[PDB]
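Q: Structure incoming, see below.
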Amino acid sequence: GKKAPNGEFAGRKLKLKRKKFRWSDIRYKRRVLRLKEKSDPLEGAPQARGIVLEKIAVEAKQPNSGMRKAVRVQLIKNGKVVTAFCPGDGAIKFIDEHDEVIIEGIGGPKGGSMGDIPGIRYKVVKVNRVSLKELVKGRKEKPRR
Amino acid sequence: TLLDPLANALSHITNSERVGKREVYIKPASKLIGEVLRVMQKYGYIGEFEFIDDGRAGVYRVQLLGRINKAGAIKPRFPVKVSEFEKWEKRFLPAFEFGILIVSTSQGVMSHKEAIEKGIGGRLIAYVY
Amino acid sequence: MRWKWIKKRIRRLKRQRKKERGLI
Amino acid sequence: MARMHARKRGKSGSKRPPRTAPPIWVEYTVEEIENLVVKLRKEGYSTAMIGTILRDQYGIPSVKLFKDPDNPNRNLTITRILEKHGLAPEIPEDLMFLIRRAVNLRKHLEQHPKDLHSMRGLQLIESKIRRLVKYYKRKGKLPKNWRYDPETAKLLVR
RNA sequence: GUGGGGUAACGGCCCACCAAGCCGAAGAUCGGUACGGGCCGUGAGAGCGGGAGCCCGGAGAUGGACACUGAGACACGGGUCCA
RNA sequence: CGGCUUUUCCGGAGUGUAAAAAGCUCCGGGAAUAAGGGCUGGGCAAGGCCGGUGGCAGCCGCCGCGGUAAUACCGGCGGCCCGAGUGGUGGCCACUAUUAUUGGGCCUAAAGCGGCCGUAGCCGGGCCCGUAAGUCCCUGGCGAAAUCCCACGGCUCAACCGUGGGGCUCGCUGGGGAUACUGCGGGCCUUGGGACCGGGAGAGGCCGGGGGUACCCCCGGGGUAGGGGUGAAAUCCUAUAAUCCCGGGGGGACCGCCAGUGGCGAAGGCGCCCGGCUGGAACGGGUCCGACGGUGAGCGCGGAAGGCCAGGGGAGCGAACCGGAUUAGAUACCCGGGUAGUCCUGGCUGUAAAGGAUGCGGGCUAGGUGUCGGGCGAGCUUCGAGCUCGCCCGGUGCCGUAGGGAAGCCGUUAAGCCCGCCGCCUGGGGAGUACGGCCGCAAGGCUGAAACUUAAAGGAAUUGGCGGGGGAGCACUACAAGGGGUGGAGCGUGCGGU
RNA sequence: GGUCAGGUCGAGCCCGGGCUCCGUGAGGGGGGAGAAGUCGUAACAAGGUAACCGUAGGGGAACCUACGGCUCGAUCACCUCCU
RNA sequence: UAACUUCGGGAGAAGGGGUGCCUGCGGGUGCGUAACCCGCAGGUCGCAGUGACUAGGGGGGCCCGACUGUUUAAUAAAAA
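Protein chains in written order, with the deposited numbering: chain AN, 3 to 147; chain AI, 2 to 130; chain Bh, 1 to 24; chain AQ, 1 to 158.
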């Protein structure tokens with residue numbers, strides 16, 4: 003034999019073998035339990051709004067130095083602290099403290115950030131329910147409160 | 002102890018062929034091997050074979066033509082419907098042409114193509130090609 | 001290497017199990 | 001041919017004759033062969049040795065071949081001959097000899113116990129007896145209300 | 001198990017008496033997670049994952065408990081009652 | 001620029017509504033009249049220039065890009081994709097034979113349980129016969145519609161819908177038939193297995209007995225001033241005298257050469273000799289049972305050294321320890337002392353690079369050589385298989401064909417080709433940790449995670465460089481040998497600094 | 001339809017305990033990042049005391065040392081192989 | 001019926017329920033309806049059924065000493 007039983011009656015042994023051996027996958031083990039849903043806040047949700055506590059900058063990784071623009075936000079329902087990285091150049095200027103902000107993951111929910119950012123898990127799409135990519139371009143819409 | 006005596010015999014008979022050996026001597030010997038050998042011979046894969054029935058053991062001495070590409074047996078010996086035959090026919094056989102995926106049937110023992118011609122089937126014993 | 005580690009683990013286990021034992 | 005069980009050394013290359021009917025250059029009547037078997041059994045020789053004597057002395061290699069046909073339900077070979085006369089031990093010569101030897105080791109361990117090897121041998125012998133006994137129960141040389149243990153062994157020997 | 005009630009009706013459903021069983025490593029029990037099915041998504045297949053409109057069945061109607069009236073209800077837009 | 005037609009859009013007619021709208025559809029009027037979004041470095045390339053910026057600001061899915069001529073950033077310009085979409089974040093499947101049934105590994109990459117047994121379980125030699133449970137065939141009862149596929153038909157088209165045929169999670173049912181295969185039942189045989197007799201080798205085990213070498217000590221004699229120890233040394237020992245040397249006696253531990261590329265054992269492991277008890281093991285002869293078989297979750301058992309426990313012992317050795325040296329310092333190499341332990345008995349513990357990093361059994365697949373033990377046919381003989389040639393059986397080594405392997409290697413003692421069965425692995429670190437449970441006297445063992453973080457971790461082989469790594473070989477910017485000199489002074493000169 | 005006895009179905013409420021899950025505390029350990037300091041030179045070349053290993057004690061630390069194992073082991077020598 | 005544990009214990013943990021009289025039964029031991037004892041059902045009164053008398057309050061952390069015992073016969077019984 004190379005390994006696994008083979009007998010007509012033997013099938014339960016194989017059926018159990020695979021399920022046990024399947025758990026050796028981290029991602030399979032995680033989703034099936036719901037270690038993905040629970041651990042990285044959101045409640046599995048695609049997005050969440052929160053109120054801006056403050057605007058902080060974080061330093062870049064091992065090669066890199068730069069003050070990346072970030073907001074510490076508090077997610078509303080969840081009631082957790084998230085650090086969320088602001089896209090676009092000018093962007094941090096639009097976000098007035100205590101506006102309503104909408105937060106997404108970035109680049110796998112797995113926990114991994116972009117390479118450059120250290121602790122930041124998250125992306126900021128919106129300021130006062132209008133996205134930053136809008137605010138980057140002058141013409142479109144321009145913000146409030 | 003051995004089991005699957007056919008598998009061992011086939012495994013020898015193929016390894017035999019692989020070498021190009023003149024003849025083969027298979028020591029543990031049976032209906033399973035001998036009926037399969039007679040179906041194999043009937044298609045023309047092997048030449049003449051003699052078994053002396055020793056008070057210890059049949060020995061078969063099989064002539065090798067050189068026609069066999071591979072002959073081995075089927076690990077679980079699964080049951081296979083005549084509709085499932087076509088699945089097995091692509092998996093195991095090298096082409097549609099060769100048609101000895103030996104199956105044991107209600108009719109006696111047949112090849113794969115012979116099993117087809119009657120139409121009938123059963124548990125998978127082995128292959129020859 | 002492997003010795004390093006065993007004694008670190010044993011010092012960790014024994015000091016921590018001392019903190020369990022003397023938390024016991 | 002071989003099998004490695006409590007060793008890595010192959011088993012003896014010895015073989016039976018490939019004979020299938022007998023020499024007529026060796027000559028005995030059915031009446032005469034039963035007499036040879038019975039006499040040797042009376043001495044206290046065992047059935048293995050009994051044939052050994054009959055092959056060396058009387059030139060008969062295996063009983064089966066010589067006798068039958070004379071009643072061709074099955075072969076007439078030493079303990080069958082003996083079973084009809086009522087001379088057979090009820091326990092089979094395989095199972096008897098294994099057990100006996102097993103009692104003899106035990107006595108050595110008693111006065112002597114610091115034995116790694118002899119001790120281990122006791123494990124080995126007993127395990128074979130479990131297999132040999134388990135099949136015999138089914139066929140009917142041993143009743144199923146039996147079970148193997150070492151006092152029960154001393155009770156058979158004695 | 002025996003006998004008995006109760007119900008539309010079998011039945012430890014309920015009950016009296018009697019027995020000591022019954023279930024479990026061919027994974028019981030317990031914990032977690034979940035309407036189930038037709039289907040669906042992907043995938044050469046095998047396989048994996050999924051229960052969404054719709055259709056099919058059950059469950060439920062602020063949370064819990066309860067009868068009456070009717071063939072039928074313990075009753076989403078009927079009643080009683082506690083929270 | 002010339003001509004043509006002319007989507008929205010206007011107006012009308014019916015419709016429909018069984019009130020509109022939906023304004024369709026028919027007709028009249030009538031315009032070239034809604035197009036965007038991403039990327040353009042390698043990966044994908046499917047697509048390159050200029051300006052600005054200058055390891056910033058940014059870009060970012062990864063590898064990466066920006067540190068003053070950036071195709072990667074920003075803007076422009078140009079180009080590629082796609083097109084009423086395009087793109088982001090998240091989830092799922094694919095790719096991933098990275099869950100292996102199709103279709104995966106485990107010598108060294110992750111991975112073999114330190115070994116065994118035998119229970120559940122899986123798997124099982126031949127020959128005959130019964131049944132036909134699995135299995136195959138046929139019939140039939142049946143698994144709604146819908147979705148899916150095919151045909152035709154309908155709506156301007158197609159989506160969708162109608163009709164007709166097929167398939168469906170397809171898990172159930174009944175009767176009839178076949179009997180290779182499998183299951184069961186019965187009978188039958190020796191190839192596997194187990195068993196016997198007789199020769200035989202060995203550092204297997206236990207027990208009794210018994211010798212000597214050396215080390216140590218103690219005692220007398222002899223005999224003076226050092227011995228010991230090292231790279232040098234010191235400590236150290238020794239003057240009521242060491243070391244030495246001679247004789248005498250006591251103690252504990254062991255058994256060089258022998259000794260092998262050797263033997264034995266399941267494994268841990270095993271060496272004076274002798275006898276007794278006792279385990280395994282080869283061969284010839286199959287003489288006896290007659291598939292009794294293989295593997296084996298669970299379970300049970302043995303398991304170095306070190307540690308623990310009780311009791312007894314202690315020469316030499318020696319963690320810890322105490323000095324000395326060395327060193328910058330030395331918690332070390334080196335020396336001089338020393339306790340636990342090393343020994344025994346009883347119990348416990350249960351680990352390991354417990355290795356051949358290679359689980360076990362069977363069958364098949366070039367050989368060569370050496371070697372151990374057994375059989376055989378001879379020659380030799382000291383008449384004993386003592387010396388030797390070969391075939392063969394079992395065992396241990398090397399080399400190598402076919403093949404396998406990434407290579408190194410493996411190659412009838414498989415890592416080849418098959419079959420059966422077990423254990424285990426599935427990127428790295430976190431971490432062999434935490435908790436929980438079990439075990440243990442204790443020390444600790446068994447089991448065994450997640451948060452978080454990473455584009456590697458890793459293996460073999462190549463090339464060079466390197467080494468207080470080895471061998472060969474030269475040199476005068478080398479060292480020695482050797483002669484003269486700089487560093488001391490005054491001055492000249494270049495420099496550092498001021 | 002009244003009130004009242006006995007009996008039955010029978011929540012929430014309260015108390016005590018059991019199981020399970022979340023937030024969170026003086027104090028105390030390691031863990032993955034960090035550019036740059038400190039101490040020593042541990043491994044990697046025989047890393048200048050071969051290395052690893054199981055276990056036991058000690059030292060600030062890398063570590064050192066004992067015993068027993070292993071070579072994936074060290075230098076020519078050695079021995080032995082092989083030639 | 002917890003923590004803990006020298007597995008012996010902790011433990012009578014803790015907490016919750018019941019308990020009277022009458023009327024009628026059953027079981028055990030015996031011998032034949034004695035002498036007692038252990039249960040079961042119904043009916044029913046009080047504020048309360050161990051109604052009296054008899055009769056432990058419990059739980060947790062810490063210090064010390066192992067325990068039991070002994071001690072200043074007669075101001076100290078403890079940790080000594």
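Note that beta-carbon positions come from the ideal geometry of N, C-alpha and C, so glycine has one too.
Go ahead and pull the three-state DSSP assignment for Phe23 of chain AN.
A: Sequence index remark: in the first sequence, residue 23 of chain AN carries index 21 (1-based). Correct three-state label for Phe23 of chain AN: helix.
Q: Kindly indicate which three-state DSSP category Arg62 of chain AI falls into: helix, strand or coil?
A: Here the question's residue 62 of chain AI lines up with position 61 in the second sequence. If DSSP states are grouped into helix, strand and coil, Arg62 of chain AI belongs with the strands.
Q: What residue from AI:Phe79, AI:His113, AI:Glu115 has the CA that sits closest to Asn8 of chain AN's CA?
A: Here residue 8 of chain AN corresponds to residue number 6 of the first sequence, with the count starting at 1. If we check each option's Cα against that of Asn8 of chain AN, AI:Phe79 comes out closest.
Q: Got a sec: is the Cβ-Cβ distance from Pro29 of chain AI to anything in chain AN below 9 angstroms?
A: Locating residue 29 of chain AI in the second sequence gives position 28, where the first residue counts as 1. Chain AN contact via Cβ: absent.
Q: Beta-carbon separation of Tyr124 of chain AN and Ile105 of chain AN under 9 angstroms?
A: Here the question's residue 124 of chain AN lines up with position 122 in the first sequence. Here the question's residue 105 of chain AN lines up with position 103 in the first sequence. Yes, the pair counts as a contact, with Cβ atoms nearer than the cut-off.
Q: Assuming contact is defined by CB atoms lying nearer than 9 angstroms, are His113 of chain AI and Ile121 of chain AI in contact in what I supplied?
A: Within the second sequence, numbered from 1, the residue matching residue 113 of chain AI stands at position 112. Within the second sequence, numbered from 1, the residue matching residue 121 of chain AI stands at position 120. No.
Q: Kindly indicate the opening and closing residues of the beta strand (DSSP E) around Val138 of chain AN.
A: Here residue 138 of chain AN corresponds to residue number 136 of the first sequence, with the count starting at 1. It is not in any beta strand (DSSP E) - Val138 of chain AN instead sits in the alpha helix (DSSP H) that spans 134 to 138.
Q: Using only alpha-carbon positions, find the residue among AI:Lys22, AI:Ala127, AI:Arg68 that is nearest to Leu94 of chain AI.
A: As a first step, residue 94 of chain AI must be located in the second sequence, where it is residue number 93. Of AI:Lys22, AI:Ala127, AI:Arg68, the residue nearest in Cα terms is AI:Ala127.
Q: Go through its chain and collect everything with a Cβ distance to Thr79 of chain AQ's Cβ below 6 angstroms, but skip five positions before and after it.
A: Numbered from its first residue, the fourth sequence carries residue 79 of chain AQ at position 79. Here the set comprises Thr47, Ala88.
Q: Since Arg62 of chain AI meets chain AQ, which of its residues come closer than 8 angstroms, beta carbon to beta carbon?
A: Counting from 1 along the second sequence, the entry for residue 62 of chain AI is found at position 61. The premise fails here: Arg62 of chain AI is roughly 15 angstroms from chain AQ at the closest Cβ pair, so nothing lies under 8 angstroms.
Q: Of the residues that make up the stretch 3 to 24 of chain AQ, which ones have a beta carbon closer than 9 angstroms to any beta carbon in chain AI?
A: The stretch 3 to 24 of chain AQ vs chain AI, Cβ under 9 angstroms: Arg3, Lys15, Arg16, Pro17, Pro18, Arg19, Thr20.
Q: Jot down the residue ranges of each uninterrupted beta strand (DSSP E) in the stretch 31 to 61 of chain AI, minimum 3 residues, whole runs only, in chain order.
A: Those beta strand (DSSP E) runs which fall completely within the stretch 31 to 61 of chain AI and span 3+ residues are 47 to 54.
Q: Our contact map puts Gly52 of chain AN next to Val84 of chain AN with C-beta atoms below 8 angstroms; I'd like the distance itself, whole angstroms only.
A: Residue mapping note: residue 52 of chain AN aligns to position 50 of the first sequence, counting from 1. Residue mapping note: residue 84 of chain AN aligns to position 82 of the first sequence, counting from 1. Contact holds; Cβ gap of about 7 angstroms.
Q: Could you tell me whether any Cβ in chain AN is nearer than 9 angstroms to the Cβ of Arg78 of chain AI?
A: As a working mapping, residue 78 of chain AI is identified with position 77 in the second sequence. Yes - at least one Cβ of chain AN is within 9 angstroms of the one on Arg78 of chain AI.
Q: Run through DSSP, which three-state label would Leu77 of chain AN get?
A: The count along the first sequence starts at 1 and reaches residue 77 of chain AN at position 75. It is a strand residue.
Q: Three-state secondary structure (DSSP) at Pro80 of chain AI?
A: In the second sequence, residue 80 of chain AI corresponds to position 79, counting from 1. Of the three classes helix, strand and coil, the one that applies to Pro80 of chain AI here is strand, per DSSP.
Q: Roughly how many whole angstroms lie between the Cα atoms of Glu20 of chain Bh and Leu37 of chain AN?
A: In the third sequence, residue 20 of chain Bh corresponds to position 20, counting from 1. In the first sequence, residue 37 of chain AN corresponds to position 35, counting from 1. Rounded to the nearest angstrom, the two C-alpha atoms are 29 angstroms apart.
Q: What number of angstroms, rounded off, separates the C-alpha of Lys139 of chain AN from the C-alpha of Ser133 of chain AN?
A: Here residue 139 of chain AN refers to the residue found at position 137 of the first sequence. Here residue 133 of chain AN refers to the residue found at position 131 of the first sequence. Those two C-alpha atoms are separated by around 11 angstroms.
Q: Please decide whether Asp55 of chain AI counts as near chain AQ, where near means a Cβ-Cβ distance under 9 angstroms.
A: Here residue 55 of chain AI is taken as the residue at index 54 of the second sequence, counted from 1. With 9 angstroms as the cut-off, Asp55 of chain AI counts as an interface residue toward chain AQ.
Q: Can you name the start and end residues of the alpha helix (DSSP H) that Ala47 of chain AN belongs to?
A: Locating residue 47 of chain AN in the first sequence gives position 45, where the first residue counts as 1. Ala47 of chain AN -> no alpha helix (DSSP H), and no H or E assigned at all.
Q: Are the beta-carbon atoms of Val127 of chain AN and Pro145 of chain AN separated by less than 9 angstroms?
A: For this step, residue 127 of chain AN is matched to residue 125 along the first sequence. For this step, residue 145 of chain AN is matched to residue 143 along the first sequence. No; because the gap between Cβ atoms is not below 9 angstroms, this pair is not in contact.
Q: According to DSSP, simplified to helix, strand and coil, what is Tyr28 of chain AQ?
A: Residue numbering aside, residue 28 of chain AQ sits at position 28 when the fourth sequence is read from its first letter. Looking at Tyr28 of chain AQ - three-state DSSP - the assignment turns out to be coil, as it is neither helix nor strand.
Q: In terms of residue numbering, what span does the alpha helix (DSSP H) encompassing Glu102 of chain AN cover?
A: Position 100 of the first sequence, counted from the first residue, corresponds to residue 102 of chain AN. Where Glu102 of chain AN is concerned, there is no enclosing alpha helix (DSSP H), although the beta strand (DSSP E) it sits in stretches over 102 to 107.
Q: Going by DSSP in three states, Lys71 of chain AI sits in which element: helix, strand or coil?
A: The sequence position of residue 71 of chain AI within the second sequence is 70, counting from 1. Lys71 of chain AI falls in the coil class under three-state DSSP.
Q: Could you tell me whether the Cβ atoms of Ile103 of chain AI and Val129 of chain AI are closer together than 9 angstroms?
A: The count along the second sequence starts at 1 and reaches residue 103 of chain AI at position 102. The count along the second sequence starts at 1 and reaches residue 129 of chain AI at position 128. Yes; because the gap between Cβ atoms is below 9 angstroms, this pair is in contact.
Q: Would you call the stretch 116 to 134 of chain AQ in contact with the stretch 67 to 77 of chain AQ, where contact means no fewer than 3 C-beta pairs closer than 8 angstroms?
A: Because the criterion of three Cβ pairs below 8 angstroms is not met, the stretch 116 to 134 of chain AQ and the stretch 67 to 77 of chain AQ do not touch.
Q: Relative to the C-alpha of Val26 of chain AQ, which candidate in AQ:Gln57, AQ:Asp149, AQ:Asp94, AQ:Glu151 has its C-alpha closest?
A: Start at 1 with the first residue of the fourth sequence, and residue 26 of chain AQ comes out as number 26. Taking only the C-alpha atoms, the option nearest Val26 of chain AQ is AQ:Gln57.
Q: In chain order, what residues of the same chain have a beta carbon less than 7 angstroms from the beta carbon of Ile94 of chain AN, not counting five sequence neighbours either side?
A: Residue numbering aside, residue 94 of chain AN sits at position 92 when the first sequence is read from its first letter. Around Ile94 of chain AN: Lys57, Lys71, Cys88.
Q: Taking C-alpha atoms, which residue in AQ:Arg55, AQ:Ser118, AQ:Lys139 lies nearest to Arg16 of chain AQ?
A: Counted from its first residue, the fourth sequence places residue 16 of chain AQ at position 16. If we check each option's Cα against that of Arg16 of chain AQ, AQ:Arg55 comes out closest.
Q: List in chain order: all unbroken alpha helix (DSSP H) runs of 4+ residues lying wholly within the stretch 74 to 129 of chain AQ.
A: If we require 4 residues or more, the alpha helix (DSSP H) runs fully inside the stretch 74 to 129 of chain AQ come out as 79 to 85, 93 to 111.
Q: How is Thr106 of chain AI classed by DSSP in three states: helix, strand or coil?
A: Within the second sequence, numbered from 1, the residue matching residue 106 of chain AI stands at position 105. Three-state result, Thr106 of chain AI: strand.
Q: Anyone know if the C-beta pair for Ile47 of chain AI and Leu65 of chain AI falls short of 9 angstroms?
A: Numbered from its first residue, the second sequence carries residue 47 of chain AI at position 46. Numbered from its first residue, the second sequence carries residue 65 of chain AI at position 64. A contact, by the Cβ cut-off of 9 angstroms.
Q: Look up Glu34 of chain AQ in the DSSP assignment and say whether it is helix, strand or coil.
A: Along the fourth sequence, one-based indexing puts residue 34 of chain AQ at 34. Correct three-state label for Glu34 of chain AQ: helix.
Q: Buried or exposed, going by whether 16 or more other CB atoms sit within 10 Å of the CB of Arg41 of chain AQ?
A: Locating residue 41 of chain AQ in the fourth sequence gives position 41, counting from the first residue. Under this definition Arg41 of chain AQ is a buried residue.
Q: What is the rounded straight-line gap between the Cα of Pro61 of chain AQ and the Cα of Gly51 of chain AQ?
A: What you label residue 61 of chain AQ is simply residue 61 of the fourth sequence in a count that begins at 1. What you label residue 51 of chain AQ is simply residue 51 of the fourth sequence in a count that begins at 1. In a straight line, the C-alpha of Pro61 of chain AQ is about 8 angstroms away from that of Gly51 of chain AQ.
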